Each structure stands twice: as structure tokens, then as C-alpha cells.
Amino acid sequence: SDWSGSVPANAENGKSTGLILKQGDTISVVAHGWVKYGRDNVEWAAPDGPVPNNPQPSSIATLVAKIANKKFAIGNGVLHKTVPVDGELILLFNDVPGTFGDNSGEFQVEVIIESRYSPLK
């Protein structure tokens, strides 16, 4: 793939992929595994977010993509989505700022750049 690696739930600044994206690129992502967003036995999350028996605020404790400090939903993954801004791709477990210290585990994520922007001319 274009990048595969682990996304630690404790990394408040997320994980750098080294992928530089341009508006109009298309990408696909899949994410596997389990993390904790708190020490309580219930505070598990898949990339899609917290287990529904303990919901958290909108988009919190979900896997997101940061592109140039814009934030996009990813969750368990996306297929052939258009990149709407230029920027480096950072993957982030979107916990509340300052609450990462009780997080543990990591997701295994694959990213494919399906295409680089080139328009019909």
C-alpha cells in the first residue's frame, strides 16, 4: 500500500504518514483493531468510535484524518474518497485534548492513494 502502520490512541498529535496529498487526489483507508480511551473496562473503541454501551460526544474517540489541520472522518475506513484540501496526511485518534493520558493500544491502518489529481483537459 502507500502507507501502513499503527496509530497509537495515546498520540495526541496523531501519526504522520509522510503522504503529501493534493486537492483532487482520491484515497482509500482501512483500519483494524482496538484501543482504550480510558481506564474503565467499558472504555473501548474501534476506529468507528466508542462501543455503543458508553457513548461519547460527536466524533470523539474515533479515527480521523488530519490534512493541513482540517479534520475528516475515517472510522473503520473509506473507499475512493476525494481529498478536498492540500496537505500532509496525519492519522489521529480523536480524543478530547488533554485526555490522552488514559489511552492505550493502537489501530493497524492501511492507506492507498487511489489516484493523483489530473483533470480531463
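Numbering starts at 1 and runs along the sequence shown.
Mean C-alpha temperature factor, higher of 112 to 120 and 2 to 10: If you average the C-alpha B-factors of 112 to 120 and of 2 to 10, the larger mean comes out for 2 to 10.
41 to 49 versus 24 to 32 - which carries the larger mean C-alpha B factor in the record: Averaging CA B-factors over each stretch, the winner is 41 to 49.
Selection from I74, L91, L79, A68 [criterion: highest C-alpha temperature factor in the record]: It is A68.
Third of chain Cα B-factors occupied by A61: For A61, whose C-alpha B-factor we compare with every modelled residue in the chain, the answer is the middle third.
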